[PDB]
Amino acid sequence: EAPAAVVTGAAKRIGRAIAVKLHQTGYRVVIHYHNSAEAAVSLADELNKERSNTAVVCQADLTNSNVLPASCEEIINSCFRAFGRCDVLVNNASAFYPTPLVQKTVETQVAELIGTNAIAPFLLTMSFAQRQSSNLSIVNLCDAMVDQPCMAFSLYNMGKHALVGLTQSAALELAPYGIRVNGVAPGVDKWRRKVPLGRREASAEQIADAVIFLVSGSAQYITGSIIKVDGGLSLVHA
Amino acid sequence: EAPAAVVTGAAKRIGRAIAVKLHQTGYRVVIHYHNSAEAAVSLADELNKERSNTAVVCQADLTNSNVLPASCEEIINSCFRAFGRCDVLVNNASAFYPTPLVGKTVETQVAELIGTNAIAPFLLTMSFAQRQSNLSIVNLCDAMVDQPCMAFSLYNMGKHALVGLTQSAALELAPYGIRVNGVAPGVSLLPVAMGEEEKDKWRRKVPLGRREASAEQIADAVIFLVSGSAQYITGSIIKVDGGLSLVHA
Amino acid sequence: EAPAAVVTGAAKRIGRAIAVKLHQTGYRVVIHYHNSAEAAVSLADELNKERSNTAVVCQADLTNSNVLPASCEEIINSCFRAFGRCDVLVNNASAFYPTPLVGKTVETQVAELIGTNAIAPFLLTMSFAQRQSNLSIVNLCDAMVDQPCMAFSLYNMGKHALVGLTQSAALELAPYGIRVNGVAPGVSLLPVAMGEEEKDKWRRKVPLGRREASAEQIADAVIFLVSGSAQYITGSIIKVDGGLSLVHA
Amino acid sequence: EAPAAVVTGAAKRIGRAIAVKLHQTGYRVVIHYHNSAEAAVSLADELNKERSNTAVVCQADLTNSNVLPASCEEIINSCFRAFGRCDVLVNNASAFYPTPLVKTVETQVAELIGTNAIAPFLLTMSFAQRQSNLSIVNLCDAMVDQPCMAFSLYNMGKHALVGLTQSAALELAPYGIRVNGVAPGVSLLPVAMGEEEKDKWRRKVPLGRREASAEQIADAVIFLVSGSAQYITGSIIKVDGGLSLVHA
């Protein structure tokens, strides 16, 4: 049978491009969404028109709460139910906004910027591992600018740092199960002009290309690695 | 007057050593504690006998919850209430225990490991900054964050997040003259419940002396970062690890 | 026409697997070698049997000296002479041996370890850029550069310098459309001289499979970085280490 | 009785401030210089006025060559001949200039890689072979991962010095020799540089919109060689005002 992948936040932008490329490579896909139901179904419709019953949607709020563990279990379960297997988890969903240190409640901001960006990936990783010839792997969507962060983005940056720690800890702990764990770290008119490879427009498809590599048989010895896909931006001094 | 410092988890071990060395340097100190009330009061008693009215205690749970922002605000408020100023914040308190991927509910583990290690330092940083000389924050990091112990993912995530806070807060608070740095132990004071044979296994890994860091050695790096000799240093994390992090598998 | 690639130290082991995979992908190849003439010519013959006029050899010593720039210029020139273009440079050649701090002279060890691992890649990069589609350079780095082998200081210095070159050249060559990236093996093909018991010692450290990387697995990451699927990737170093660099002492 | 230190490139700027602070802390000092003889001698004379027979100068070119190992051995030897001991080595001397990809190139290699990396390696070898609170401090660069355009050889040399710091920390730890680094961002700016250009760099620094003084860099060196750092080895302390944290 065809392998199957879960992509979180898959309705639009980067998650959509990732789901499309996995599907094109022969994966069946779970398109996770929170609010973007119309877009998720529209994508599933397009993929199913290409190959019948190869795409399903799954609703879950990835905010941290007492029910986040159940929601993450359901995302993984939905893959097994539709397809009988779950070979690939892509932790792509993320919240992004500033949280200034000097002036949503702050604990709501914690729930979104830490919950969605780090805790949901952790819980999804647990559920994925617990439910397990094969080529099993997880890819976490990191941030190339994690060590040169945007001003007043402390909670966002903390969450993306935690995600690096998860990538490394899970790579170590899941290696005995043959589960590889890796990351892809994107960068980004003012910003475009900073990018060394700025002649090329940045695209969601370029991010997806790195995800496709990492889940492929061409990356079977790669675990705990984070691939920057940033056009050189992180190399540029102030 | 004398400057004042908040040290979290200061009743015992590394936090106590930091509080003691800050006090010896001339600081008035808030000794934060959670469960170790007898030890915290005993320490404050010793310090106050040395110089009267220079130490207070402050109890707070630093587990994440909807009241954590108020608890962190209160810790900073206690320093201003006792001493009329708050010059230094040391984020030392930490929960440390395994959370295998394959007692406590997972959401409790998240609240404790991510709350103590990262969210509380964030909220304390917010409160410290908002309440405002040589002002600085020192975060107790971990030199082994990139070579983590097996089955400690939540602990490791929290310490990674603490590196992110150190860097983000250094950037953002620099215009206010608040420096933000870290001290990253490798192996220092081993868990009390750890057997000696297991302690020795870890000691033997350390290139510089085949021994763990003393609490004083960790405190020495904190003292440097808060001192005038570190006035241009912000966003730096000083490993105090005897070379441990350089040793391959 | 078909694009062309220079692979240094391509007669044997990882460089050979890289040359083969680039050839299989459609590249014409310059097989650079130093001492392994029989192996280099044998490889070129095998590749030419597959597609005529798609492989040549080029001999050069990559030890540092006042003639190293001419040797590196010649390697790039050989690709233009054979194929009329040079699209890819893979800096794979390496000297590897201990140089303790406490029968070669020290300046020979410097010339060999720093020359082959760092200076030659720099000069080859200069020549490649000056002679100039999907142009790129791939440097063979080392996943263990921050947890080095005992008594390998010069080797480790050379590999650190190669990280610096990768980043500096990525920055400087980006406006010419030349990407510069690295592939960092952990334990891959072990030294020929090594005993089986010692080889197994190292194999057992690797989390993913308890085995070293095959040459083919290292080559796979090089193939990705030179491909159209990596056109926004520059200044990146991909570890291909089975998790080895994540394992504490 | 009093410990002794070698400081390379100690005649001016950062190395001068390091030599002064070490001397103030109680060290006897070898002031290494290459071209700056008058400044080296003036510093030695000032230090000897403070305490007799506590400073000497030592001339050497630290460019890579067949004679570099002997030169580096002689620098370390000069400390033992003057003071009977050598407790601290500070690798401060540096060549710094652009080397665009697109002086001969091999001269540039010899200068940039020799001063910044090979000379520190050879001095480390000689220091260790000759051997309490022993340590080495290497002057690194906080911007090694966000380098200036067209500075590849300089950047390669400073990356190699990070590798040396870590490899030597590991290998010399059994001998009780600690090996650490101090990594400035922008400190003392080139003397010729216009104030208007200096200001473009100063404005980038989060902490105070100014460059580090030489004394602030020296303060981190003094901490690292002190009894307060006796468990610290293989560590590189940035002294950069937050500069390395600032995105493009």
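Worth pointing out:
Chains: A, B, C and D, in written order; residue numbering restarts at 1 for each.
In this section, contacts are C-beta pairs under 8 Å (C-beta built on N, C-alpha and C of every residue); 3 or more make two chains touch, one makes a residue touch a chain.
For chain C, the chain whose average C-alpha position is most distant is B. Set side by side, A-D and C-D show the greater C-beta contact count at C-D. Chain centres here are Cα means. That of chain B falls 44 Å from that of chain C.
With centres taken as mean Cα positions, chain B sits 32 Å from chain A. Annotation for chain A: residues touching 2 or more other chains are 147, 149, 168, 172, 234-236.
By the touch criterion given at the top, residues 64-66, 68-69, 100-102, 106-107, 110, 114, 118-119, 122-123, 125-126, 129-130, 145-146, 148, 150-154, 156-165, 167-169, 171-173, 176 of chain C touch chain D in their complex. Those residues of chain A lying in contact with chain D across their complex are 145, 147-150, 194, 233-238.
Note for the complex: chain C touches chain A at residues 167, 170-171, 174-175, 177, 179, 207-209, 213-214, 217, 220-221, 223-224, 229-236, 238-243, 245-247.
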